[PDB]
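As structure tokens, the structure follows; a few thoughts come after it.
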2 protein chains.
Amino acid sequence: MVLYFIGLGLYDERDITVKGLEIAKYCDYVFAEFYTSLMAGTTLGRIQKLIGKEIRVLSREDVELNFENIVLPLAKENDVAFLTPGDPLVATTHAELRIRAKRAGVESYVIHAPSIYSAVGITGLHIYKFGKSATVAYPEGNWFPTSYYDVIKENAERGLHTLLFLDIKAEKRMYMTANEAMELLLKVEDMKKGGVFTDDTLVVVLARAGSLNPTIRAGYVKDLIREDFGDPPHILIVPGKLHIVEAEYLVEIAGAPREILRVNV
Amino acid sequence: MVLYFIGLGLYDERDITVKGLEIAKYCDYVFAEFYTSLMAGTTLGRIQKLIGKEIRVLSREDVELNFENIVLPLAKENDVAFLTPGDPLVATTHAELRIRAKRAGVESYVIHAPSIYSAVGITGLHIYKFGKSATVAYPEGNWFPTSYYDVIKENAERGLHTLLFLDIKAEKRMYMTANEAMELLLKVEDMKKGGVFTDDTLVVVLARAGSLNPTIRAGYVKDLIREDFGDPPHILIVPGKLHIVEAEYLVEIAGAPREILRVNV
Ligand SMILES: Nc1ncnc2c1ncn2[C@@H]1O[C@H](CSCC[C@H](N)C(=O)O)[C@@H](O)[C@H]1O
């Protein structure tokens with residue numbers, strides 16, 4: 001009688017922690033959601049094979065509206081696991097589900113897994129220098145989200161880097177690319193004209209983190225906006241002022257223009 | 001010809017990912033460093049037994065001064081693994097090691113694992129609201145560093161949370177407790193009087209993240225300063241203004257006082 005929130009990691013079924021896998025194997029029922037992020041290097045079948053259980057996938061509605069009706073009931077007489085991509089409580093609203101588990105008299109435990117939030121360390125940018133994060137959401141109807149632009153502005157003014165989660169429409173299988181994010185940002189710039197995001201802005205793209213060969217690229221928007229970064233998921237980063245060692249890594253590992261080595265102190 | 005940076009995760013020998021374990025077993029030689037952080041929930045012996053490999057531990061000097069003489073030579077003609085606590089490259093000095101590998105004509109790949117940076121999501125605080133991060137360092141001699149206090153001020157001022165890594169003397173295996181961190185912050189406050197950290201400041205303590213029984217506590221400094229949060233490692237967080245959902249999680253999961261539901265939202 002317990003509910004486990006277990007993260008599956010960044011890219012494939014092997015990104016789950018050993019602890020998570022062993023626990024998942026001891027569970028009676030296994031549920032999961034694959035709408036908060038995209039695991040581009042595996043399939044449900046492969047995940048099911050590793051765990052050795054039949055995984056029942058839930059939609060955003062099943063979870064947000066009926067988690068206490070689909071999962072919690074079974075957790076009262078069995079050990080149940082709820083699997084999610086990356087880390088279960090990062091950039092998701094799953095934390096609140098623990099409250100539902102409590103109010104249902106069910107004890108819950110959390111098993112972490114690699115998260116894109118920390119995986120960005122592979123870009124060479126100092127993790128402690130990342131400020132507030134934001135999500136670039138697809139505009140819909142007459143609604144055109146722009147809050148992420150102000151986040152970049154605020155962080156940049158403080159010399160902090162900005163991590164930009166990219167939008168996803170799992171049911172429509174739509175995964176926003178870094179290219180699309182840049183296009184949207186250039187549009188917001190023309191509107192607000194704050195000089196926050198332009199063709200000369202240095203950005204960093206990380207695609208398919210977790211894979212053995214993720215795409216890590218750094219350069220100016222004018223140069224990368226049309227570059228092919230490979231299959232999704234993608235994450236976009238707008239660095240603040242760089243430390244010399246950050247610039248060196250971007251040049252040596254992410255193929256950034258050598259001119260950025262010359263920092264303006 | 002290959003060097004694999006493999007994260008060991010948060011607390012014990014099972015926090016490594018399945019991918020990291022299989023690759024560690026696949027490698028011919030395995031090195032590891034325990035100076036950027038420690039794995040408090042296990043021992044070198046237990047890690048070795050899990051991997052089934054002899055593990056050569058490296059000191060900060062071994063790595064910072066002689067990485068290219070100790071690790072890379074073998075990586076040139078063999079598959080070599082370099083284990084680090086948490087997620088590789090979160091520690092600021094790890095990144096440049098990939099440049100050294102490049103210089104020596106050695107390929108390198110990163111296998112991620114959970115980091116405390118993302119693991120803080122278990123506190124119920126929204127990850128996007130975390131701003132710049134900082135480390136609380138023990139004062140010594142005539143040196144009293146206090147930049148971490150300023151980090152809190154700047155973050156809180158913008159309604160952002162502040163993750164505070166607590167000092168660790170890896171070699172001496174000594175951990176700064178949240179209690180000691182709170183006392184230091186109160187001292188800094190008494191010196192700067194910026195009204196950033198007082199007895200009425202709401203803080204969150206996360207101890208032994210990764211274990212199945214971490215200590216998650218939230219409350220005002222005046223009540224938590226002498227509380228026993230259990231064995232290390234301890235992490236201190238000074239949240240900024242809270243979203244009602246964050247506050248409710250702290251009350252329901254971290255035993256925070258109901259007062260935060262009206263004072264800190
Ligand atoms: N492997 C990966 N590579 C690049 N971006 C990734 C990624 N995994 C997730 N993301 C990014 O983050 C978004 C999902 S947000 C949910 C994140 C998840 N809980 C975690 O811990 O990683 C995606 O739309 C994408 O922009």
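By order in the structure tokens, chains are A, B, ...; within a chain, residues start at 1; ligands start at 1, following the order shown.
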
Cut-off 9 Å, only C-alpha atoms and all ligand atoms, neighbours of ligand 1 as a PyMOL selection string: (chain A and resi 7-12+35-41+84-92+112-120+135-136+164-169+175-178+205-211+214+232-236) or (chain B and resi 118)

Mind running chain A against chain B at 8 Å and telling me each contacting residue's nearest atom pair with the distance in Å (one decimal), counting only C-alpha atoms, chain and number ascending, as CSV?
```
residue,atom,partner,partner_atom,distance
A:14,CA,B:19,CA,4.8
A:15,CA,B:17,CA,5.5
A:16,CA,B:17,CA,5.5
A:17,CA,B:17,CA,3.8
A:18,CA,B:14,CA,5.1
A:19,CA,B:14,CA,4.9
A:87,CA,B:118,CA,7.7
A:89,CA,B:121,CA,5.3
A:90,CA,B:121,CA,5.7
A:91,CA,B:127,CA,6.2
A:95,CA,B:124,CA,5.7
A:96,CA,B:249,CA,6.7
A:98,CA,B:253,CA,7.9
A:99,CA,B:252,CA,6.6
A:109,CA,B:212,CA,6.4
A:110,CA,B:212,CA,7.2
A:111,CA,B:210,CA,6.8
A:112,CA,B:114,CA,6.1
A:113,CA,B:114,CA,5.0
A:114,CA,B:114,CA,4.4
A:115,CA,B:118,CA,6.5
A:117,CA,B:118,CA,6.1
A:118,CA,B:118,CA,6.0
A:119,CA,B:112,CA,6.7
A:121,CA,B:89,CA,5.1
A:122,CA,B:89,CA,5.9
A:124,CA,B:95,CA,5.5
A:126,CA,B:92,CA,5.6
A:127,CA,B:90,CA,5.9
A:128,CA,B:133,CA,4.6
A:129,CA,B:132,CA,5.6
A:130,CA,B:132,CA,5.7
A:131,CA,B:131,CA,4.0
A:132,CA,B:131,CA,4.6
A:133,CA,B:128,CA,4.5
A:134,CA,B:128,CA,6.3
A:160,CA,B:132,CA,7.2
A:210,CA,B:112,CA,6.5
A:212,CA,B:109,CA,6.0
A:213,CA,B:109,CA,7.3
A:245,CA,B:96,CA,7.4
A:249,CA,B:96,CA,6.7
A:252,CA,B:99,CA,6.7
A:253,CA,B:99,CA,7.3
```

Work out how far atom CA of residue 255 of chain A is from atom CA of residue 216 of chain A, in Å to one decimal. 8.2 Å

Determine which residues of segment 79-203 of chain A receive a DSSP assignment of alpha helix (DSSP H), computed from the backbone, and state them as a ChimeraX atom specification. /A:95-103,116-119,147-157,178-192

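Straight-line separation from atom CA of residue 228 of chain A to atom CA of residue 179 of chain A: 8.3 Å.
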
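Distances to residue 152 of chain A were evaluated for A:183, A:189, A:200, A:68 using only C-alpha atoms, and the minimum falls at A:189.
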
Name the residues of segment 150-232 of chain B that come out as strand (DSSP E) in a backbone DSSP run; write them as a list in words. residues 162, 163, 164, 165, 166, 168, 169, 174, 175, 202, 203, 204, 205, 206, 207, 215, 216, 217, 218, 219 and 220 of chain B

Those residues you just picked out, can you put them in a file as a tab-separated table (two decimals), in the first residue's frame with C-alpha atoms?
```tsv
chain	number	residue	atom	x	y	z
B	162	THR	CA	17.16	30.74	-3.46
B	163	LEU	CA	18.83	27.33	-3.36
B	164	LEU	CA	21.72	27.32	-0.91
B	165	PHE	CA	24.37	24.62	-1.17
B	166	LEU	CA	25.92	24.13	2.25
B	168	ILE	CA	31.31	20.57	2.68
B	169	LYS	CA	34.84	19.55	3.61
B	174	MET	CA	32.41	17.32	7.43
B	175	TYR	CA	29.00	18.72	6.50
B	202	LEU	CA	10.41	31.30	6.04
B	203	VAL	CA	12.95	28.66	5.08
B	204	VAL	CA	12.86	25.14	3.74
B	205	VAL	CA	15.25	22.35	4.67
B	206	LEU	CA	15.86	19.31	2.49
B	207	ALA	CA	18.03	16.56	3.96
B	215	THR	CA	13.67	15.19	5.72
B	216	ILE	CA	11.55	17.94	4.19
B	217	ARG	CA	10.78	20.74	6.64
B	218	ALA	CA	9.45	24.27	6.23
B	219	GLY	CA	9.00	26.98	8.83
B	220	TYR	CA	10.31	30.20	10.28
```

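Taking atom CA of residue 57 of chain B and atom CA of residue 104 of chain B as the two end points, the separation is 21.4 Å.
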
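Excluding residue 53 of chain A and any residue on its chain fewer than 4 positions from it, the residues at most 9 Å away by only C-alpha atoms are residues 24, 25, 27, 28, 29, 30, 47, 48 and 49 of chain A.
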
Which residues are close to residue 58 of chain B, i.e. within 8 Å by only C-alpha atoms, leaving aside same-chain residues fewer than 3 positions away? Reply as a ChimeraX atom specification. /B:31-34,61-63
